[PDB]
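Right, one structure below, let's go through it.
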Protein chains: 2
Amino acid sequence: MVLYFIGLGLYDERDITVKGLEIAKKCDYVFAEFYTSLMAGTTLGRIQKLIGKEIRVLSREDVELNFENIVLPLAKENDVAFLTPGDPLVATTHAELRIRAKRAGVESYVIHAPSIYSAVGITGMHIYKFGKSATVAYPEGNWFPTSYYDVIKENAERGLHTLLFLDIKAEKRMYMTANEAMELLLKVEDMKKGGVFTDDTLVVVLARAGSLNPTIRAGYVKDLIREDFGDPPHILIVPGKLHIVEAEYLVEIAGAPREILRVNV
Amino acid sequence: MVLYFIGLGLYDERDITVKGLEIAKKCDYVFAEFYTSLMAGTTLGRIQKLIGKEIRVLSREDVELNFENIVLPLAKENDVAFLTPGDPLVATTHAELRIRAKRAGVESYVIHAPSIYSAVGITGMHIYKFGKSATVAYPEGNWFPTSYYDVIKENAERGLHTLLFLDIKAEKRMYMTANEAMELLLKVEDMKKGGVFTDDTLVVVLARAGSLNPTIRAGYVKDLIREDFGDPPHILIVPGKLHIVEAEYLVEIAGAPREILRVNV
Ligand SMILES: Nc1ncnc2c1ncn2[C@@H]1O[C@H](CSCC[C@H](N)C(=O)O)[C@@H](O)[C@H]1O
Ligand SMILES: [Pt+2]
């Protein structure tokens with residue numbers, strides 16, 4: 001009778017909320033997609049074992065083109081769950097799927113889970129200070145995306161931090177590293193030359209948030225661009241005006257160069 | 001020798017993650033604070049019952065002034081948990097607590113949980129479009145704060161949405177309703193005449209995020225200012241120019257007026 005949007009979490013199958021696990025356990029059919037993000041600490045098998053149901057994994061095309069043909073029909077007679085990495089509506093286009101559910105006479109419910117959007121708090125950067133967010137997309141053929149560069153500029157101008165989601169091509173098993181995002185940004189800097197992202201820019205890297213030992217590093221591009229941050233997923237953050245305690249955290253927890261402790265108010 | 005920062009979730013006791021619950025159950029001591037926020041859909045008793053551990057509540061002063069003499073000493077020869085509503089480290093001052101842990105020779109680990117920062121995605125507003133966030137505080141004595149008004153202005157000017165936390169007196173359990181927030185903003189608008197918040201401004205109200213039956217309402221200030229959104233806490237959102245898909249979600253899911261499909265897009 002109902003359809004559930006249930007977040008799975010950041011890292012592994014234990015990042016699902018208790019509410020989500022118990023509701024998922026009682027659903028008749030369980031669907032899921034693993035293309036909007038990467039849960040580096042689990043497998044479909046572990047998820048299925050935790051929920052006690054077999055999970056039918058859908059592709060991007062299944063969802064975007066056939067959600068109402070594959071999932072919605074079963075919801076009219078059964079309770080259906082649709083699992084996704086992180087929080088189901090964050091940094092995805094899944095919100096629109098609720099409009100489809102409604103237009104098909106299906107009631108939907110959303111069970112949240114830890115999202116990378118708030119997990120950025122572990123970097124020590126005050127979350128209220130983040131401005132507009134962006135995605136560093138892979139160039140394809142002659143098309144070279146650059147809008148994310150302007151986002152940084154705009155936020156930096158306002159003294160705000162910038163959260164940069166990194167691209168993912170799940171079908172190819174390609175997960176953009178913070179390294180690759182930095183390479184791409186320098187290339188954009190060379191083109192526009194707005195003094196927005198250079199070798200001297202301070203950046204923060206958060207890798208595998210949700211794991212017990214995520215990689216949290218901060219430093220100048222020239223120094224981190226070739227550093228190994230471990231397995232994906234990675235997210236990149238370009239901080240704006242640092243508060244004293246923000247810089248202190250980065251130095252003490254993220255191993256940032258002691259120098260950044262000296263802010264230029 | 002270990003301190004765990006564990007998120008409690010959004011609404012009730014089942015909003016904690018499976019990882020957070022299992023880890024907490026294994027801790028020798030469990031602390032919590034409910035000053036940054038409260039879990040309006042549950043009680044300390046039910047949380048305590050779910051964890052199976054006595055939960056020691058800490059006040060704002062216990063944490064901010066005495067964290068190192070109340071919590072850290074025990075973390076030296078035991079596993080200790082520190083529960084907070086939402087996602088750990090989102091509250092501005094919490095990240096600093098990890099620095100105190102390090103200074104005490106104590107290892108700390110973060111276990112995430114849903115935060116309103118990501119949960120607001122249920123409003124249909126694209127997450128990348130949120131700008132700087134702010135808190136609406138009461139005017140008191142000769143003090144009349146208005147910075148949150150300028151935040152809205154700077155965000156909306158760049159087509160960005162503004163997430164607005166409402167004032168709360170946790171200890172006294174006194175919330176600021178979305179209604180009062182609107183009145184304050186209208187009063188601030190009358191003082192600054194910047195044309196930021198008026199009877200014609202479109203707003204979104206989110207209450208009881210995390211529950212299976214949250215209240216999601218969108219409309220113009222003149223129609224919602226005296227509407228009943230239910231029990232606190234309330235979260236106010238002043239969106240920027242809406243995406244056609246964002247406007248459609250508000251209409252189909254949040255009961256927004258058809259008028260926004262042409263006026264705010
Ligand atoms: N655990 C994690 N650690 C680091 N980055 C992550 C992450 N999870 C997601 N990301 C970032 O976010 C991108 C996916 S966008 C989808 C985000 C998801 N809906 C959520 O709520 O978290 C990843 O490619 C990466 O750039
Ligand atoms: Pt969309």
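Each chain gets a letter, A, B and so on, in the order the sequences are listed, and its residues count up from 1. Start at 1 and go down the list; that is how both ligands and their atoms are numbered.
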Using a 4.0 Å heavy-atom cut-off, which part of [X] comes near ligand 1: side chain, backbone, both, or neither?
| X | answer |
| --- | --- |
| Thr36(A) | backbone |
| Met176(A) | neither |
| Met39(A) | neither |

Please indicate whether any nitrogen or oxygen in [X] is less than 3.5 Å from any nitrogen or oxygen in ligand 1.
| X | result |
| --- | --- |
| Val90(A) | yes |
| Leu166(A) | yes |
| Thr92(A) | no |
| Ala209(A) | yes |

> Parallel, tilted or perpendicular for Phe130(B) and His161(B), by the 30°/60° rule?
Replying inline: perpendicular

>> In terms of relative ring orientation, are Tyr4(B) and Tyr109(B) parallel, tilted or perpendicular, with 30° and 60° separating the classes?
In response: tilted

Counting only heavy atoms, tell me which of [options] gets closest to [atom].
| atom | options | result |
| --- | --- | --- |
| atom 12 (O) of ligand 1 | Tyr11(A), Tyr117(A), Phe229(A), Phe165(A) | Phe165(A) |
| atom 5 (N) of ligand 1 | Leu236(A), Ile116(A), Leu10(A) | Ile116(A) |
| atom 2 (C) of ligand 1 | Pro233(A), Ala113(A), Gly9(A) | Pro233(A) |

> If you count the atoms of ligand 1 from 1 in the order shown, which ones are under 4.0 Å from a heavy atom of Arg208(A)?
Replying inline: 3 (N), 4 (C)

>> If only side-chain N and O atoms count, and only distance matters, is there a donor-acceptor pair under 3.5 Å linking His126(A) with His243(A)?
In response: no

> In terms of side-chain heavy atoms, does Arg208(A) have a donor or acceptor partner in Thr215(A) at a distance below 3.5 Å?
Replying inline: yes

>> Looking at every non-hydrogen atom in both residues, tell me the closest pair between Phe197(A) and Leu186(A) and how far apart they are.
In response: O-CD2, 3.7 Å

> Any side-chain heavy-atom pair from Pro114(A) and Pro114(B) closer than 4.5 angstrom?
Replying inline: yes

>> If you define the side chain from C-beta out and look only at heavy atoms, does anything of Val196(A) sit under 4.5 Å from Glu189(A)?
In response: yes

> Does the ring centre of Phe82(A) sit less than 6.0 Å away from the ring centre of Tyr29(A)?
Replying inline: no

